[PDB]
Every structure is written in C-alpha cells, then in structure tokens.
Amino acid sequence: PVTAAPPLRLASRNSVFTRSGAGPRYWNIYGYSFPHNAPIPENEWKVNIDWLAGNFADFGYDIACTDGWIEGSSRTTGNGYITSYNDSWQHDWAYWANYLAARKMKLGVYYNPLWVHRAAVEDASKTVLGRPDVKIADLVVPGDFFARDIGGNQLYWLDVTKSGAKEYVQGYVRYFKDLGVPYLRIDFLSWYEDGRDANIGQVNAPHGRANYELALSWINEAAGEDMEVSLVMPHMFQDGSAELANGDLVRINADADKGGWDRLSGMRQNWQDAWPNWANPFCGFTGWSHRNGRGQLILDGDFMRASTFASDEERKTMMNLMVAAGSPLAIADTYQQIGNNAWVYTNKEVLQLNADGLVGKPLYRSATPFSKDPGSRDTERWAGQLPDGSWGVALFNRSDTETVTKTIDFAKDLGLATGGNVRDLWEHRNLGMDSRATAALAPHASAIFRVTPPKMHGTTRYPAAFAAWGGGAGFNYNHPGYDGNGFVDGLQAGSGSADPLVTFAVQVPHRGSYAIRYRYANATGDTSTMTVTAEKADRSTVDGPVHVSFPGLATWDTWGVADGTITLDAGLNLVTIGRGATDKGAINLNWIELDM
C-alpha cells in the first residue's frame, strides 16, 4: 500500500507555459528589420498586422512580436520604461496592443529589462517605480554601455547591486505584462554576463554569473504565470541550470540571419561552450532535447523565413523541424516576402501537433551528452507523444545529394507493443495500421506523421525515453530487456539540490481512478520507492504525492511491472514520478501504462 510523501524539490520554473504544451505561434518583424538593418517603420508594422489579421491569425498566429534595433527607442515613462518601439512611432505600446486586440491578436515584445536608456539616465526627473529616492541615473556605472567595445553608447547595462535595481527590473517586466503582453523576448544576457561573443571578441563589461542568476530570478518572479519568458541569448552554463530555473524558452541556434538551408542545417555541426552552443537548429534541438518537455524548457529554433529557402520541400522541412521539436512557430516573412508560401504555415494537421502539445525528442542512441558525442542522438529522426497516447513522428534527410530512407520502428525505437494507425500529414493520407513509419526522402526533404496506437481495453503506454526528464534523470540503454530504444536512469540518491524525475502528459476522458503500471528495474538489493503525483497544468495537485514501492529484483537486466492506481481529472494531467530525499533505493524506469 502507498504512503503519503513530501513534494519533490524542483529545479525548473515549471510554469503553465512549459507544462501546457509546445511553443507559441507568432509573427516577428525580423524579416523586415534584419535585411534592412533598421527598425521597422510604424506603417510597415501596421500593414503586416493587417495582413496577419486576415491570413494567419485564423491559424493561431495571433501574436505580432517586435525584435531588436531598439537603440532608437529613447522616450520613456517617468520611471524609465520605453513608451513605444521607436521614437518615429506616433503611437505607444498601448495603442498597438489595442489595435491588435481589435483584430483578435496580441502584442509580443522584445526587450531586456536590464537595459537602461541613456536618455532616461540623462533626465534627473525620472525615478524608479515605487522608489522616488532612486533616480534612473543612480542605476548605472558610468561608461557601462551595452556593446561598449563595438561602439554602443545608447543603452546602459543596469548595475543590479545598486539600490532600486530589483524594483526597476520587476517594474519593467510588469509594465509589459500589464500592457497585455503574453510573450517577452529577452536578448543579450550572455553579453551582459560575460561581456564576450565568440563571433566578435569583447563586447562590453562583464557582470558575472551571480548577477545574471539574480536578474533571472527577478524576471521570473515578475513575469509569473501571466507572461511567457523567452531567453534569446542563453550561455546555458551548467547544462542550462539558471535558464531552466527561470525561463520558459531558450534559443538553441545561431540567428536565422539570411535564412535558407545553411542556417537551418549548416555552418558547423560541432558544439562549443559559448553562445550559441550549436549553430544550426537540427543540432541545437537535438543537443538540448534532454532539457525539453512539460515543465522543463521549450526549445526555440528562432524564426522561419519561408521565402529564403530554395524549394517547397525545404520549406516543409523547416516547418516540420520546428513542430517536431515543440518549438515556437515564428513566421518572419513579411507581407512582401510571403509570396505564395502561406501554405507552409497553415497545414491544419501539422498545426494540430503543435496545438495538442507535441514536444519530440530525437531518437536517443546512447547516454553520452550530444555535446561530447554527436552519435548519441539522431538529428534526423524525431518522435514525441501527445497526452492522448498518439504520436508525432518526423523523418528528415539532411543530405545535399543522396536520397535516403529513414524509419522509426514502433516496437524497437518507440517501445510500443501495439503498432499504430499512420497518417502522412503532407499527403493527407491514411496509411492504415503499421509497425513503423518510413520514407524514402529526397535531399533536404522530410515526412511527418500522426501515429495512433489502438487501445485494447483502454491500455495506453507512455515510454520514459520519450518523456520529459528533470533533476538528473536521463536516458540509458546499458542493461538489456527494455522495450524500445532504452529507459530512464538517474532515479537515485545524489548530491544536488534537485530530485530526479520524469514527467508524462496524460489525457483522460473523465475524472476517476485509473489503473497504472510501471515497468521498472531495481537490483539495489532491497525494495525501492519513488514519489508519484498527478497535477493540473497550473500545478495544482490531483493526486499524491505518494510513495510507490518497487520490489527488488535479481539483476539490473531483470524487469518487473509494479501496479498502482492514480486519480486523474478529465483532460490534461501531468503525471510525475521522481526520487525524493525520503525515497529509498533507486529504479530504472522503462514506461508507464494507463488503462483509460
């Protein structure tokens, strides 16, 4: 019988955004501003918004988001917060959020709340929100300009050690949240932190890790559950620890830039220790995938520039990768650039994967970090499970020249006993019941499928190797007998601050008590326990925490099935299993099954 348990110690922000599904759908000004190397004029912003309202907002792309080129945004409130995107704009953020509202859309903002504009510093009348004793001028070290070493002289970096700093930063974050902004994109924190860029050299004064982590904690608290926090230049120190603890999204690639295949799949394949660890998103999504999934991080593959690609097959591959990885779906084509390419963004079956909360993983091949061994995960074969037990499966051919067959086998790779109905989502074709998804792919082409296992008496299997991992839990394959490609280990005691865990999203038709099974290994020489909970997306407890017991077995190659019952509510539940301080021993986890 199960006993009551304390809650697990977490190491992620664990917000409603990362718990509820994949990244947001939005449009971004980058397709204008990058090639122009200039802030978007207000009329161009307007014409793009009107175009989105009539053509993409109905497909869920209902955030219009600004980007950089903000040095020319100098006008601020009495507390130093920018009033609009650029000084040339006749209307402020509020006017544009309402204009968007009238078209069933919302405003996304790119800004870093550690930026302090020189114009605000120079106006002695401006003071920190709620702190009339602190002038905005009192927030900065003289000469400490953002991008100082490459000529920057319009934005200071905040000195977070100065009185008023927390109030300034939190006020800035809440300023946008209050304006109705659901998404805040915070860039240049690696430049803030270490004053360096691997593409350039020295860029400005460093501010250090402690200050970076403190600033992130302030931003997290101020954003709360109302506004999604995108970290656009993460250094990802310590396997992304501070970013995971404080943000919702992390960029995993070098900038889209001029777009096309070389930005999607080229440049370099190796890892480096500096921003960005991987250059192309095939490698970055693959390399950071151990940090993805419900309650962990959403990985951000940057912007889609459909018209910069050479063919429609490449455009499909671009979209399929973003969807496979659970990334935000960010259109950067302007109304002038879109041409006849709207279709790439508006395939309803592909979008349905994003709506349903697909967060895929590359096929794991070994436990070794991808940063150390590129053989450890397959950049070209992705799968993820939806809450209802169905799957998204994506197959890619990154060769420039050869046609290559790619296959995901439902038993050997995914770890299912059932096979599944397979639908090709670009052919819009039912392939019927099958044991695998396969495609003979032309160079740069891809295929994406919805795979729907049958459910004899409601049985739904969720493989651990394709779920979300936290606190040290991870993939392995070093004891035989597992179903699928492997299992999760690290569900053991350790020295750390966080408890290792696995999170599964599960969807059920009604509130009730459901039979749950856990296929596991345990050769610790004694009984082991893990803590199990069910929660709503908002974190509220549906069941548990309870200690579930796992009888000791003969060897680490021996697998058993522990039986239990779990209360779940109608719709989405997050079922988390982890090893707390009061748990005993250790297990390896292969899968869970729910009879729904």
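So that there is no doubt, residue numbering starts at 1 and follows the sequence shown.
For the pair 559-567 and 39-47, the mean Cα B-factor is higher in 559-567.
Here 310-318 and 81-89 are compared by their mean Cα B-factor, and 81-89 comes out higher. Of the candidates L386, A468, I252, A523, it is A523 whose Cα B-factor is highest according to the PDB record. Taking only the listed residues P454, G108, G224, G284, the entry reports the highest CA temperature factor at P454. For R511, the recorded CA temperature factor ranks within the highest third of the chain's modelled residues. The entry lists a Cα temperature factor for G580 that places it in the highest third of the chain's modelled residues.
Looking at the C-alpha B-factors along this chain, the one for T346 belongs to the middle third. For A537, the recorded CA temperature factor ranks within the middle third of the chain's modelled residues. For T127, the recorded CA temperature factor ranks within the middle third of the chain's modelled residues.
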